[PDB]
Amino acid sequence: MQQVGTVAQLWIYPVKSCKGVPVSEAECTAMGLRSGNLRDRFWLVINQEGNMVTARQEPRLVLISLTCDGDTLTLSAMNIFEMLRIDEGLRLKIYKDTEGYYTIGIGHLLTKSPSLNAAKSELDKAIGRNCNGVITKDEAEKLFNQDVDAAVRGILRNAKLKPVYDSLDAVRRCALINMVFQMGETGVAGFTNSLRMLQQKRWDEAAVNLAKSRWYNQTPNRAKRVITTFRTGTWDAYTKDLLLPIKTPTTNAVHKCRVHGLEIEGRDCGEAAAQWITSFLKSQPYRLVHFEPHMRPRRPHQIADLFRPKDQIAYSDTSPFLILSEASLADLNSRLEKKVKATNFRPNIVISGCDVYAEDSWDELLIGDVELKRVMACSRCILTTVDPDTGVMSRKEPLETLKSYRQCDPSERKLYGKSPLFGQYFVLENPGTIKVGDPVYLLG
């Protein structure tokens, strides 16, 4: 009867622990959200023993997206960070770059001075400790995220690069950032003709012209990859996207998998998917499986007895739904140095227009014709610390901050123990469709 908020985002995470898919409408099913063929945690990566592989084991799973376009599923994993990792490589000790300048990490220039002392002083200043010329991969990734951020900041303040950048699609934007990271903003701003052809979408002409530059001559193999990316607008020069059919042949094997200790089947999605995931993670042999509706689902009441005996899920942790408010997220953000997005907490329904943590008090919600019933709070873990853009798991922000102020009340410590509360689990009371913009009504 009374409105307590509005749906602001809906997210489906088709493969467990991988990138969310934002949607404007979704059907609410007893097992979670569905948008056509994409259903929430209906796909799972497993190892050779059949055990789940989650972002706890492989934080780079958050980089992988499974999306659907009509007919075909696409698996894709590339973004600017991964593109530059491939092009810049990784060195944990000070080395000289190809122009003789001291550098470290992922292409991080320390100084143009010939003094190794100046390079070490710059390294200790940048990392904040006495490194003795050596860093950890985590520290290289920290410098790298700062360096990419600085390159995009630079493009957006540059009058010659900004209009090109803004005209480019998301993949070709990454090729322009890649150039700026390598050669700096002034250098890239100098390619007057190639920049013109890019802004005009004359991709073959721009590819031909950029291959005549001095850049190409100095690093032709890297230039050829950035060029292909501008020519095609695809990731064919890097981890190329894999296109699979929506329907998996029923001749493919059904595996007995284990998710959070409980058994569940999944139909193997085929060798191309397995090789693609394994290659990208550089891991032991993994497979991708998909839950089909005739398989026995997992039972949340076996995981937490507050759930009803009839509740069912495929591969999610515990619940068919997680709901979070924008208010709760803006709150945590007013306490954090590095800001986080709803994506860190993996909610399916994000609700705006309410007071902080209002969702903890919402026992029964009507959204459209969908009714949802609150079961319990979502208690948080290290998965919240995996950065969704870089795939790097941090040292516990934002978990530590959550820990400081969002613990469960002693009167309640048997479900949650100590693990901070951020988001609420819900189940379905009536099926239907929900849309971004739907008012949310608190019932009873």
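From 1 onward, residues are counted along the sequence shown.
Chemist: Test of understanding: from the entry's C-alpha B-factors, which stretch has the higher mean, 80-88 or 121-129?
Modeler: Per the PDB record, 121-129.
Chemist: Between 344-352 and 361-369, point out the one with the higher average CA B-factor as the PDB entry records it.
Modeler: Higher of the two, by average CA B-factor, is 361-369.
Chemist: Pick out which of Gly100, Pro293, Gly184, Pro320 has the highest C-alpha B-factor in the PDB entry.
Modeler: Reading the PDB entry, the winner on C-alpha B-factor is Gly100.
Chemist: Sorting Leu61, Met31, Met393, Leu66 by Cα temperature factor from the record, which one lands on top?
Modeler: Of the candidates given, the C-alpha B-factor peaks at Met393.
Chemist: What third of the chain, by the recorded C-alpha B-factor, contains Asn37?
Modeler: Middle third.
Chemist: Just say lowest, middle or highest third for the CA B-factor of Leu336 relative to the other modelled residues in its chain.
Modeler: Ranked within chain, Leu336 CA B lands in the highest tercile.
Chemist: Thinking about Cα B factors across the chain, which third does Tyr425 belong to?
Modeler: As the PDB entry reports it, the C-alpha B-factor of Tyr425 lands in the middle third of its chain.
Chemist: Would you mind checking where the Cα B-factor of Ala8 ranks among the modelled residues of its chain, as the lowest, middle or highest third?
Modeler: Its C-alpha B-factor, which the entry lists for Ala8, ranks in the middle third among residues of this chain.
Chemist: Relative to the other modelled residues of the same chain, rank the CA B-factor of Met52 and answer lowest, middle or highest third.
Modeler: Lowest third, going by the recorded CA B-factors of the chain.
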